[PDB]
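Please treat every number below as a calculation from the coordinates, not as lab data. All Cβ positions, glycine included, derive from the backbone under ideal geometry; neighbour counts span all protein chains shown.
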Amino acid sequence: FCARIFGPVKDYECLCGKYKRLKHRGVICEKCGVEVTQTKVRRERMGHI
RNA sequence: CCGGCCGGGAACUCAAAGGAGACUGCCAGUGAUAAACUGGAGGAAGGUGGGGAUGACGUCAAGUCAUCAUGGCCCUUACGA
């Protein structure tokens, strides 16, 4: 359950909360890559190991 | 009569040089995907592998007029020889 590994906890919502803007799209949390997109797409977030 | 004493040989020890090479090249952990540090294999040498030389503008009106030279000062029957 990560935003850097997968995605926004909420629609255009950063892990830390640096982006509580549902206008912010693409720009990541510079600490850890959180590309803001709709959290609903996390029903299709494919990762690996 | 083996202190290689007499032949013989050109790969090596050694030496004068043209160059390869070690640069964080690879894997992993830690870590803000950067950098970096540690361990190991690899490797002749490992994390600038070691040392010398190289001493940034400047500090100290510190040394030399006793290598020497010098704007001047003194001596020139002299301290010059």
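Keeping to the range A:23-49, report how many residues are loosely packed, with under 12 Cβ neighbours inside 10 Å, over 10 Å from A:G7 (Cα atoms) and in contact (Cβ under 8 Å) with a residue 24 or more places away in the chain.
1
Please specify each residue of the range A:27-49 satisfying the condition of being within 16 Å of RNA strand B (Cβ to nearest atom) and within 9 Å of the chain's Cα centre (by Cα).
A:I28, A:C29, A:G33, A:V34, A:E35, A:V36, listed by residue number.
Might you let me know whether the range A:30-49 holds any residue that is at positive phi, part of a loop (DSSP other than H, G, I, E, B) and out of contact with any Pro (no Cβ under 8 Å at 6 or more places or on another chain)?
Looking for residues that are at positive phi, part of a loop (DSSP other than H, G, I, E, B) and out of contact with any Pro (no Cβ under 8 Å at 6 or more places or on another chain), one finds none in the range A:30-49, hence no.
Based on what the data block shows, is A:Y12 among the hydroxyl-bearing types (S, T, Y) and more than 16 Å from RNA strand B (Cβ to nearest atom)? Reasoning before the result, please.
Values: among the hydroxyl-bearing types (S, T, Y): yes; more than 16 Å from RNA strand B (Cβ to nearest atom): yes.
Against the criterion (among the hydroxyl-bearing types (S, T, Y) and more than 16 Å from RNA strand B (Cβ to nearest atom)), A:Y12 qualifies.
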